[PDB]
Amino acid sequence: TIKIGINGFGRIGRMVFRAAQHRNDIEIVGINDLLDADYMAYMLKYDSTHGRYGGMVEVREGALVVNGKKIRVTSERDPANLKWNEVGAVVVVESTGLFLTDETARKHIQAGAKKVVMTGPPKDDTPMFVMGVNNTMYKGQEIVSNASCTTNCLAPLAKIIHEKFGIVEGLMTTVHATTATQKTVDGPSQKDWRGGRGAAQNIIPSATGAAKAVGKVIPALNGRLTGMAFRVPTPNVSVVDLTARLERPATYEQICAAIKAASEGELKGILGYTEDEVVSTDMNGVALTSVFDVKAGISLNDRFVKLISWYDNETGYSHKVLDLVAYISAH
């Protein structure tokens, strides 16, 4: 069993925790945040988006006891102090949002861990992996990134479309749920002025590197994709809108058939497929990283198409963080 630590018990930290509770191959042995143990237990027990936790949670002698297993709780702001080897944590999930460079993430190795997975795109040349797209390119690196939720939705889709028909060029928009970085009412966001504006009141444009990042995980698409985002007033679940110019002609039904085939084969469990009249809440809790929406998209012609794919930005990404942990542990 792979023993892991979580640094940052936030939306992703807690949903990674939840995702682990039905896996036999991974066990959480310690959690670090800026919280007392009793408060951590409360944050795990109750969830506005995903409902009440479906295990037993208690606090005993300053540790979390979840379904019988003791979990060390610490509140070290500096992860270099974490003594991960003392609880046998070999991989740390770095989900604070704050430690996205080699130097900062490597504090966990200074503290006794063997490997680290960042839960966001790096600010340096730390390698990014996306399950089902380029994870097999892993070369034993101690510190890696699982990219972003948006990259995890776009990349599996772009893989299939590019392999089957070729992407000459593509532009992406993601319509994305509100996140923790945003504000309830207009407030200060000195590095992202639009992102300070009240989240529930507004459609809020945002830059995103997620489309360009697809060219890092699919090198054939380097320079062939970019995009942007709109943040909107929903609490979870997002959607990619990819407008692509194709190398070779394909009707909309041929495109749908290729995606369906991929969802049943190579990308099973990663890329999914629906023909139902779905809305965002229908994807809340779905562990797929990309769910292609047949009826939502549209072709102008045989070489210019708009493709729509959903992603539960909390749940799917979190399950794939653990898939990446398992992958790098076996390789």
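Numbers follow the displayed sequence, beginning with 1.
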item	value
214-222 versus 194-202 - greater average Cα B-factor per the deposited record	214-222
Per the entry, higher mean C-alpha B factor between 101-109 and 143-151	101-109
Identity of residue with top Cα B-factor, from 268, 306, 50, 295	268
Candidate residues 169, 241, 186, 78, the one whose C-alpha B factor the record puts highest	78
Among modelled residues of the same chain, the CA temperature factor third for residue 176	lowest
Cα B factor band for residue 279 (lowest, middle or highest third within the chain)	lowest
B-factor third for the C-alpha atom of residue 9 within its chain	middle
Cα B factor band for residue 119 (lowest, middle or highest third within the chain)	middle
Third of chain Cα B-factors occupied by residue 72	middle
